[PDB]
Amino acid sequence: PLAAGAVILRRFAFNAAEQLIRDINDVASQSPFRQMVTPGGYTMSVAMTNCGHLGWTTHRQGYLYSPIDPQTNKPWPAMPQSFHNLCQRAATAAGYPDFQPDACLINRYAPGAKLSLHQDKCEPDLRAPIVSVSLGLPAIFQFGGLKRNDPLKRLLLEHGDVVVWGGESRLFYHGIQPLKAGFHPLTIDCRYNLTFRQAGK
């Protein structure tokens, strides 16, 4: 197993991928992908958007979840049923049958884009797991421990892979190494990631 309370479900979302990508395009047509600026003033290499009741955003003051897209000043698009159903099935297979996400972050990685090591730790209810779906180009996923200097596991995530963490591993450090360039028939030149969370309640 990946870790205590963590599992990788390889190719779990492979069959659902084409529909998921159609719905990514639908979400992005309403709340476009954008590269967010950190409180410290650095632009993230990942381009992102959100769907569902809450969306992850940056302010000058820190990180926060908001029901409103600060770019459009409209609510984030509703979570697609394809997203919700896939998340439910993956969470159940991973041993979290009661997971009820209210937020889905959509990350887009161009070649060279990365996500430096971090914890998912601004959700008020840490009992709920993280469900993380990979689509398109492959990436090296780092999965560590509770401390930033804890040893990292390095796992290639390929199209359709789903990673779930929670319980003992809920606050584990993780990230994505700079994306290698390449081709995938469904995303062409990028990697998408769907990150489902219970961000409120």
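When you see a residue number, it is the position in the sequence shown, counting from 1.
- For the segment pair 137-145 and 57-65, the entry gives 57-65 the higher mean B-factor, averaged over Cα atoms.
- Per-chain ranking of the deposited C-alpha B factor places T43 in the lowest third.
- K180: CA B factor in the highest third of modelled residues in this chain (values from the PDB entry).
- Sorting the modelled residues of the chain by their CA temperature factor places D150 in the highest third.
- Placement of the Cα temperature factor of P75 within the chain: lowest third of the modelled residues, per the deposited record.
- In the deposited entry, the Cα temperature factor of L126 places it in the highest third of its chain's modelled residues.
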